[PDB]
Number of protein chains: 2
Amino acid sequence: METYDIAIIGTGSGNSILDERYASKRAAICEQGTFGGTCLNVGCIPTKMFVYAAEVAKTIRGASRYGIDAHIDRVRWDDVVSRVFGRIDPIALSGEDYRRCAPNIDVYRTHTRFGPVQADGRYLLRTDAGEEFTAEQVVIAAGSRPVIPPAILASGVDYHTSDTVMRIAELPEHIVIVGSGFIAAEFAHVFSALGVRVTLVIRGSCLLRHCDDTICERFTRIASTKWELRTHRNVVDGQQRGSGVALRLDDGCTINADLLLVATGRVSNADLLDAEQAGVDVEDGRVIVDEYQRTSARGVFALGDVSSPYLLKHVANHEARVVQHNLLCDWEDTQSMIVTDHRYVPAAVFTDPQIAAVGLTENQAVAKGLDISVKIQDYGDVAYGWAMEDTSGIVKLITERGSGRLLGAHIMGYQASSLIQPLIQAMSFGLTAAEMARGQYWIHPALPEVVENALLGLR
Amino acid sequence: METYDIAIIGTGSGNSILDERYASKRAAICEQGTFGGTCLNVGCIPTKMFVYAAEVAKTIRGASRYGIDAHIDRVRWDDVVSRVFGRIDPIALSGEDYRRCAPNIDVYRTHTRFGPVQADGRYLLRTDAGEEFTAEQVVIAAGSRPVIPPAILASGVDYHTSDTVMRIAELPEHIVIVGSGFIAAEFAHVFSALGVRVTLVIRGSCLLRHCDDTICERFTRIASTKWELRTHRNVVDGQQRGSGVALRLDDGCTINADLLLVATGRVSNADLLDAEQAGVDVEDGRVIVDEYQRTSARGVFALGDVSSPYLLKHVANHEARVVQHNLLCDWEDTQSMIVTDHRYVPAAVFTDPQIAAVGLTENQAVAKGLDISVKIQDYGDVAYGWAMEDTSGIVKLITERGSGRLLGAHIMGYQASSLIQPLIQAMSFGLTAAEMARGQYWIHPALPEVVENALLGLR
Ligand SMILES: Cc1cc2nc3c(=O)[nH]c(=O)nc-3n(C[C@H](O)[C@H](O)[C@H](O)COP(=O)(O)OP(=O)(O)OC[C@H]3O[C@@H](n4cnc5c(N)ncnc54)[C@H](O)[C@@H]3O)c2cc1C
Ligand SMILES: Cc1cc2nc3c(=O)[nH]c(=O)nc-3n(C[C@H](O)[C@H](O)[C@H](O)COP(=O)(O)OP(=O)(O)OC[C@H]3O[C@@H](n4cnc5c(N)ncnc54)[C@H](O)[C@@H]3O)c2cc1C
């Protein structure tokens with residue numbers, strides 16, 4: 001049997017752990033899927049590449065509004081996929097060879113499970129290929145996996161997820177997307193801009209429900225005009241109709257479509273770990289971690305979607321930085337460790353219009369009994385919005401009336417993820433709204449003026 | 001003669017002075033040109049509207065690179081001008097009626113000059129229409145005016161400036177722009193994107209020279225490939241060629257063109273005031289003001305291009321806010337006034353690629369003997385740059401090695417004026433580079449990751 005000093009399960013954010021501090025130790029890496037993780041191969045990086053291609057097509061269609069008559073001749077979807085994955089797929093191989101060729105790091109490419117803890121304190125790990133090894137410290141970065149509704153699974157129909165829809169041969173004529181999350185909204189923007197008829201079948205009343213109701217209500221109204229929105233509906237059955245699909249809904253109506261995309265959420269991969277056999281406690285479906293990313297087992301850390309409540313890459317990277325430091329630091333030296341901070345976490349949804357938010361919502365501050373001041377500023381009231389002829393873009397700020405500090409920031413409009421950054425800086429470092437408005441300069445007539453005027457308007 | 005409490009010369013930024021605190025005094029407004037000023041009618045607002053229209057056309061032309069085959073059918077230049085100025089021109093009428101119809105405000109629409117000071121100490125003002133009146137307090141906001149080379153004026157050739165070139169009937173086939181400032185660079189981007197052949201005749205060696213040399217050198221190289229750049233050349237003579245022009249250069253070569261655009265700089269309007277007859281001192285060609293915007297004459301303030309060294313609207317509005325407060329404040333109570341802030345002034349040039357900068361450049365910090373750290377981060381190294389397939393976007397940061405604070409920030413690329421705002425906030429409030437990188441969250445995979453990596457790369 002082989003002995004290792006540290007074993008990491010998952011090459012997502014856990015790949016960024018073995019640095020030069022581990023040059024004298026023997027490490028083992030486990031990756032049941034493709035090297036690199038989810039974000040690179042089938043996640044954030046390839047999706048936003050398709051989004052920018054969609055944003056190019058959206059500009060051409062609405063060019064007539066500005067005085068330029070243009071039209072799209074062809075959408076070479078085959079070359080778009082080749083351009084996207086021609087950059088990503090070779091990256092996964094280079095990173096895989098960089099770790100495998102290292103003499104002190106050994107890579108296992110099968111599903112690894114937890115075994116009973118050995119007498120000496122070392123953790124036994126077993127792979128689905130039949131490999132057994134031990135490690136003093138163990139890092140859990142198993143991530144998450146998609147969830148498919150049981151009614152869709154029991155139907156036996158051909159469906160697609162975010163993991164497989166990005167490598168399709170030809171663009172369909174009509175697609176049905178089941179879901180209302182950030183994945184479902186971004187894909188609706190991609191296919192619609194490329195010329196596909198999009199139909200959203202959501203079970204709730206608003207798209208992107210966990211956003212502020214002001215944003216969700218305005219965006220759901222705008223989205224309902226460009227896409228076919230079926231609210232309060234659930235898919236109960238379906239059958240093949242050739243290359244397409246025929247799905248029956250909970251109200252008796254049936255929908256014919258060429259492709260079915262399931263985006264009903266994701267849950268952690270902790271259930272396929274046998275963590276109970278090693279002393280790691282699991283609640284709901286996630287791994288229990290503390291402020292030092294320490295689990296209920298001595299020497300075992302965890303990070304990423306497998307434990308964190310935020311399924312975001314910028315959060316998983318902050319937890320990977322905590323694991324890197326709190327590792328080499330004795331298990332009980334909590335004064336010499338670093339605490340993971342989750343205060344003011346931002347998020348963005350790359351749709352049309354783009355949405356980006358950070359902090360509490362208006363109703364969330366009300367539920368906490370805070371005396372708040374709210375201002376909603378439109379893009380069309382700023383000089384840059386005049387050049388854009390914008391008629392829907394907004395930026396919403398919530399501040400505590402007493403302290404004058406920012407409580408929440410919700411933007412829905414052009415360059416939402418970029419204009420939200422100066423607002424993230426004020427919240428993270430404790431800058432009051434009055435200081436952000438008049439304490440610095442804003443270039444005229446740049447776009448961030450809509451954030452400046454929103455602060456001035458906070459009556 | 002008419003008695004007034006306050007008289008303001010210039011309805012540009014000076015219009016934002018008359019508040020409800022003066023709702024009982026008799027005020028006089030002077031506007032020799034069109035109401036609203038330079039920025040709205042013939043400046044920033046209409047120019048940046050044409051820029052966005054040009055940026056839309058630029059996206060369609062290079063759309064094939066991303067997999068979308070498109071082409072521009074027609075450029076309705078007449079509808080672009082009508083859409084822009086159909087929105088701007090009525091604003092000048094509404095703002096003009098808003099002041100004239102007020103019983104306490106009287107509007108004079110001719111050029112106003114300074115007269116000899118009256119015996120009682122009040123300032124006499126005379127307009128070119130024959131109106132004489134007096135005022136207790138005077139605000140000078142005369143702005144600036146374009147500068148035309150003497151060789152072009154003595155030639156008798158038909159030339160255009162930023163005040164007149166935007167309302168042309170039909171787009172020319174070939175245009176020549178004489179100048180290297182921010183005005184000349186933005187207009188070269190506008191006409192080139194709309195299909196005009198652009199030829200730059202600059203007197204120096206680099207385009208946008210007063211910017212960081214790293215930016216100027218890279219931008220001048222890019223501009224030389226899409227536009228015809230003739231460096232170290234000056235127009236010495238010219239003659240009409242029909243609807244076009246034939247210009248003679250300082251090296252004997254002649255250029256035939258359809259339109260001539262002059263962007264060789266601007267000069268303050270203080271020289272056309274007879275200001276020495278009222279006791280207000282003039283240096284160079286601008287009015288001398290102190291840190292409280294006070295001139296050398298008791299009761300006389302000044303703001304805008306007529307005095308400030310920075311010819312920017314966001315600076316002229318900050319100076320108008322200081323005048324508005326220190327006006328209503330006793331002339332000798334300097335302890336109860338507000339100081340004009342010129343510490344971290346930003347600027348942007350809306351060209352292709354877009355440029356935005358704030359603070360000192362690398363060569364400026366060297367001349368001051370500061371131990372600095374410099375990092376140049378490429379757009380192509382961030383996840384958003386992959387979706388953009390960017391190959392030229394950069395962000396340059398200069399920090400003091402000792403204090404660790406930001407000394408300068410120079411960006412050349414997509415969303416330059418928007419990406420620089422979080423950097424302006426850190427400099428204006430005293431945030432260190434290490435705090436900006438790891439003290440807050442950056443949305444993945446948003447564009448501001450290039451600013452985060454530029455801070456992380458500093459060593
Ligand atoms: C379509 C899509 C778009 C997204 N867009 C964004 C976005 O814009 N911004 C953002 O912040 N986040 C985004 N995310 C979320 C982001 O991708 C994840 O939150 C992030 O990848 C989680 O990192 P991780 O390393 O914990 O998970 P992963 O990167 O998935 O790491 C888990 C890896 O380990 C493997 N593994 C699991 N269990 C085992 C085992 N027992 N043995 C061996 N190997 C195992 C898995 O196969 C996988 O390769 C998106 C996700 C999706 C699906
Ligand atoms: C093409 C162009 C683009 C620009 N783009 C930008 C940009 O993107 N960002 C930016 O920050 N700045 C920009 N500027 C600069 C900006 O326009 C000025 O810095 C700002 O408008 C200064 O305001 P002001 O009120 O002092 O000048 P003005 O707005 O010109 O005010 C002066 C007004 O008073 C009148 N006047 C002058 N003298 C007299 C007199 N004796 N009697 C009566 N009336 C008089 C003038 O005719 C004029 O109408 C640009 C300028 C130009 C020309």
# chains A, B, ... in the order shown; residues from 1 in each chain; ligands from 1
$ residues_near_ligand --ligand "ligand 1" --cutoff "6 Å" --atoms "only C-alpha atoms and all ligand atoms" --output "count of residues only"
36
$ interface_residues --of "chain B" --to "chain A" --cutoff "8 Å" --atoms "only C-alpha atoms" --output "NGL selection string"
:B and (44-45 or 48-50 or 52-53 or 56-57 or 59-60 or 63 or 66-77 or 79-80 or 312-314 or 344-348 or 383-384 or 386-388 or 417-419 or 421-422 or 424-425 or 428-429 or 436 or 439-448)
$ closest_residue --among "B:327, B:300, B:215, B:223" --to "residue 413 of chain B" --atoms "only C-alpha atoms"
B:215
$ residues_around --residues "residue 292 of chain A" --least-positions-apart "4" --cutoff "10 Å" --atoms "only C-alpha atoms" --output "list in words"
residues 301, 302, 319, 322, 323, 325, 326, 327, 331, 334, 337, 338, 339, 340 and 341 of chain A
$ write_last_selection --atoms "C-alpha atoms" --output "PDB file, in the first residue's frame"
ATOM      1  CA  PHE A 301     -10.459  20.187   5.331  1.00  0.00           C
ATOM      2  CA  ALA A 302     -13.199  20.971   2.819  1.00  0.00           C
ATOM      3  CA  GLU A 319     -11.869  29.177   0.625  1.00  0.00           C
ATOM      4  CA  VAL A 322      -7.903  29.725   3.604  1.00  0.00           C
ATOM      5  CA  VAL A 323      -7.185  25.996   3.248  1.00  0.00           C
ATOM      6  CA  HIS A 325      -2.853  28.764   5.004  1.00  0.00           C
ATOM      7  CA  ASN A 326      -4.758  26.881   7.732  1.00  0.00           C
ATOM      8  CA  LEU A 327      -3.279  23.575   6.507  1.00  0.00           C
ATOM      9  CA  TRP A 331      -4.974  21.783  13.943  1.00  0.00           C
ATOM     10  CA  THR A 334      -6.764  28.596  15.749  1.00  0.00           C
ATOM     11  CA  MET A 337      -5.144  30.398  11.309  1.00  0.00           C
ATOM     12  CA  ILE A 338      -7.170  32.639   9.005  1.00  0.00           C
ATOM     13  CA  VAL A 339     -10.962  32.957   9.046  1.00  0.00           C
ATOM     14  CA  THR A 340     -13.030  32.678   5.880  1.00  0.00           C
ATOM     15  CA  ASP A 341     -15.012  35.882   5.310  1.00  0.00           C
TER      16      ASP A 341
END
$ residues_around --residues "residue 236 of chain A" --least-positions-apart "3" --cutoff "7 Å" --atoms "only C-alpha atoms" --output "PyMOL selection string"
chain A and resi 151-152+248-250
$ write_last_selection --atoms "N, CA and C atoms" --output "short mmCIF file (atom, residue, chain, number, x, y, z; two decimals), in the first residue's frame"
data_model
loop_
_atom_site.label_atom_id
_atom_site.label_comp_id
_atom_site.auth_asym_id
_atom_site.auth_seq_id
_atom_site.Cartn_x
_atom_site.Cartn_y
_atom_site.Cartn_z
N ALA A 151 -39.68 13.53 -12.38
CA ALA A 151 -40.66 13.31 -13.44
C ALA A 151 -39.99 13.26 -14.81
N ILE A 152 -38.95 14.07 -15.01
CA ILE A 152 -38.23 14.05 -16.28
C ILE A 152 -37.40 12.78 -16.41
N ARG A 248 -45.38 16.90 -21.96
CA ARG A 248 -46.69 17.22 -21.42
C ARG A 248 -46.52 17.93 -20.08
N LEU A 249 -47.28 19.00 -19.88
CA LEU A 249 -47.18 19.83 -18.70
C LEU A 249 -48.25 19.46 -17.68
N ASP A 250 -48.13 20.05 -16.48
CA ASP A 250 -49.04 19.77 -15.38
C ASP A 250 -50.44 20.32 -15.60
#
$ residues_around --residues "residue 136 of chain B" --least-positions-apart "2" --cutoff "12 Å" --atoms "only C-alpha atoms" --output "list in words"
residues 2, 3, 4, 5, 6, 7, 8, 25, 26, 27, 28, 117, 118, 120, 121, 122, 123, 124, 125, 133, 134, 138, 139, 297, 298, 299, 300, 301 and 327 of chain B
$ closest_residue --among "B:229, B:306, B:288, B:17" --to "ligand 2" --atoms "only C-alpha atoms and all ligand atoms"
B:306
$ select_by_dssp --residues "segment 74-119 of chain A" --states "alpha helix (DSSP H)" --output "VMD selection string"
chain A and resid 77 to 100
$ select_by_dssp --residues "segment 221-335 of chain A" --states "strand (DSSP E)" --output "ChimeraX atom specification"
/A:228-230,235-240,245-249,254-257,259-262,266-268,282-283,286-287,300-302
$ write_last_selection --atoms "N, CA, C and O atoms" --output "tab-separated table (two decimals), in the first residue's frame"
chain	number	residue	atom	x	y	z
A	228	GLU	N	-40.86	32.93	-24.76
A	228	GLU	CA	-42.17	32.41	-24.37
A	228	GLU	C	-42.08	31.93	-22.93
A	228	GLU	O	-41.43	30.92	-22.64
A	229	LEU	N	-42.74	32.64	-22.02
A	229	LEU	CA	-42.67	32.35	-20.59
A	229	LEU	C	-43.93	31.63	-20.14
A	229	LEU	O	-45.04	32.15	-20.30
A	230	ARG	N	-43.76	30.43	-19.59
A	230	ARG	CA	-44.86	29.63	-19.04
A	230	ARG	C	-44.67	29.55	-17.53
A	230	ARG	O	-43.88	28.75	-17.03
A	235	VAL	N	-43.13	20.16	-15.84
A	235	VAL	CA	-43.13	19.07	-16.81
A	235	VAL	C	-43.38	17.76	-16.08
A	235	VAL	O	-42.64	17.41	-15.15
A	236	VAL	N	-44.42	17.04	-16.48
A	236	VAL	CA	-44.78	15.79	-15.83
A	236	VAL	C	-44.43	14.56	-16.67
A	236	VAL	O	-44.07	13.53	-16.10
A	237	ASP	N	-44.50	14.65	-17.99
A	237	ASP	CA	-44.19	13.50	-18.84
A	237	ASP	C	-43.64	14.00	-20.17
A	237	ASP	O	-43.71	15.19	-20.49
A	238	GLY	N	-43.08	13.07	-20.93
A	238	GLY	CA	-42.53	13.39	-22.23
A	238	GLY	C	-42.15	12.14	-22.98
A	238	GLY	O	-41.95	11.07	-22.40
A	239	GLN	N	-42.04	12.29	-24.30
A	239	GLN	CA	-41.67	11.18	-25.17
A	239	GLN	C	-40.97	11.73	-26.40
A	239	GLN	O	-41.14	12.89	-26.78
A	240	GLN	N	-40.15	10.87	-27.02
A	240	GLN	CA	-39.40	11.28	-28.20
A	240	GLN	C	-40.33	11.54	-29.38
A	240	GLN	O	-41.34	10.85	-29.57
A	245	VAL	N	-38.55	16.61	-29.13
A	245	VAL	CA	-39.20	16.12	-27.92
A	245	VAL	C	-40.61	16.68	-27.85
A	245	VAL	O	-40.89	17.78	-28.33
A	246	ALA	N	-41.51	15.90	-27.24
A	246	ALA	CA	-42.88	16.33	-26.96
A	246	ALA	C	-43.12	16.15	-25.46
A	246	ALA	O	-43.21	15.02	-24.98
A	247	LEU	N	-43.23	17.26	-24.74
A	247	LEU	CA	-43.38	17.25	-23.29
A	247	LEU	C	-44.80	17.64	-22.90
A	247	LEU	O	-45.35	18.60	-23.44
A	248	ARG	N	-45.38	16.90	-21.96
A	248	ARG	CA	-46.69	17.22	-21.42
A	248	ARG	C	-46.52	17.93	-20.08
A	248	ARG	O	-45.73	17.50	-19.23
A	249	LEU	N	-47.28	19.00	-19.88
A	249	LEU	CA	-47.18	19.83	-18.70
A	249	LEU	C	-48.25	19.46	-17.68
A	249	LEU	O	-49.16	18.67	-17.94
A	254	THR	N	-49.28	20.34	-24.10
A	254	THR	CA	-48.05	19.73	-24.55
A	254	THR	C	-47.25	20.71	-25.40
A	254	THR	O	-47.82	21.55	-26.11
A	255	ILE	N	-45.93	20.60	-25.32
A	255	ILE	CA	-45.01	21.48	-26.05
A	255	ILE	C	-44.09	20.62	-26.90
A	255	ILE	O	-43.47	19.68	-26.40
A	256	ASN	N	-44.01	20.94	-28.19
A	256	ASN	CA	-43.08	20.30	-29.10
A	256	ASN	C	-41.84	21.17	-29.22
A	256	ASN	O	-41.95	22.39	-29.40
A	257	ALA	N	-40.66	20.55	-29.12
A	257	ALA	CA	-39.41	21.29	-29.16
A	257	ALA	C	-38.32	20.40	-29.71
A	257	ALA	O	-38.46	19.17	-29.76
A	259	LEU	N	-34.98	20.66	-28.50
A	259	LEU	CA	-34.01	20.39	-27.45
A	259	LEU	C	-34.61	20.74	-26.09
A	259	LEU	O	-35.35	21.72	-25.97
A	260	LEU	N	-34.27	19.93	-25.09
A	260	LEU	CA	-34.71	20.14	-23.72
A	260	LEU	C	-33.48	20.42	-22.87
A	260	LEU	O	-32.55	19.61	-22.84
A	261	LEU	N	-33.48	21.56	-22.18
A	261	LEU	CA	-32.38	21.95	-21.31
A	261	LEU	C	-32.90	22.02	-19.88
A	261	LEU	O	-33.86	22.74	-19.59
A	262	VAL	N	-32.26	21.27	-18.98
A	262	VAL	CA	-32.65	21.20	-17.58
A	262	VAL	C	-31.68	22.03	-16.77
A	262	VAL	O	-30.47	21.78	-16.77
A	266	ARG	N	-28.38	22.66	-8.54
A	266	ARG	CA	-27.32	21.69	-8.29
A	266	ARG	C	-27.19	21.46	-6.79
A	266	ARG	O	-27.50	22.34	-5.98
A	267	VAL	N	-26.72	20.27	-6.43
A	267	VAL	CA	-26.47	19.88	-5.05
A	267	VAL	C	-25.06	19.30	-4.96
A	267	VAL	O	-24.52	18.78	-5.95
A	268	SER	N	-24.48	19.39	-3.77
A	268	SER	CA	-23.11	18.95	-3.55
A	268	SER	C	-22.94	17.46	-3.82
A	268	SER	O	-23.88	16.67	-3.76
A	282	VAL	N	-22.08	15.26	7.95
A	282	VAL	CA	-22.77	15.84	6.81
A	282	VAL	C	-24.19	16.19	7.22
A	282	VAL	O	-24.91	15.34	7.77
A	283	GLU	N	-24.59	17.43	6.98
A	283	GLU	CA	-25.94	17.90	7.22
A	283	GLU	C	-26.59	18.26	5.89
A	283	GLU	O	-25.92	18.76	4.98
A	286	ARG	N	-24.56	18.65	2.42
A	286	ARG	CA	-23.29	19.37	2.36
A	286	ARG	C	-22.39	18.98	3.52
A	286	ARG	O	-22.84	18.44	4.54
A	287	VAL	N	-21.10	19.26	3.36
A	287	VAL	CA	-20.10	18.98	4.38
A	287	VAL	C	-20.08	20.12	5.39
A	287	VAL	O	-20.12	21.30	5.02
A	300	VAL	N	-8.77	16.91	8.31
A	300	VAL	CA	-9.57	16.93	7.09
A	300	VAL	C	-10.15	18.32	6.90
A	300	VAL	O	-10.82	18.85	7.79
A	301	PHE	N	-9.89	18.91	5.73
A	301	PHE	CA	-10.46	20.19	5.33
A	301	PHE	C	-11.43	19.98	4.17
A	301	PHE	O	-11.45	18.93	3.52
A	302	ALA	N	-12.23	21.01	3.91
A	302	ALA	CA	-13.20	20.97	2.82
A	302	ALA	C	-13.42	22.38	2.28
A	302	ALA	O	-13.28	23.36	3.01
$ atom_distance --atom1 "atom CA of residue 354 of chain A" --atom2 "atom CA of residue 209 of chain A"
15.2 Å
$ atom_distance --atom1 "atom CA of residue 364 of chain B" --atom2 "atom CA of residue 411 of chain B"
16.6 Å
$ residues_around --residues "residue 432 of chain B" --least-positions-apart "4" --cutoff "7 Å" --atoms "only C-alpha atoms" --output "list in words"
residues 404, 405, 406 and 436 of chain B
$ atom_distance --atom1 "atom CA of residue 271 of chain B" --atom2 "atom CA of residue 15 of chain B"
21.4 Å
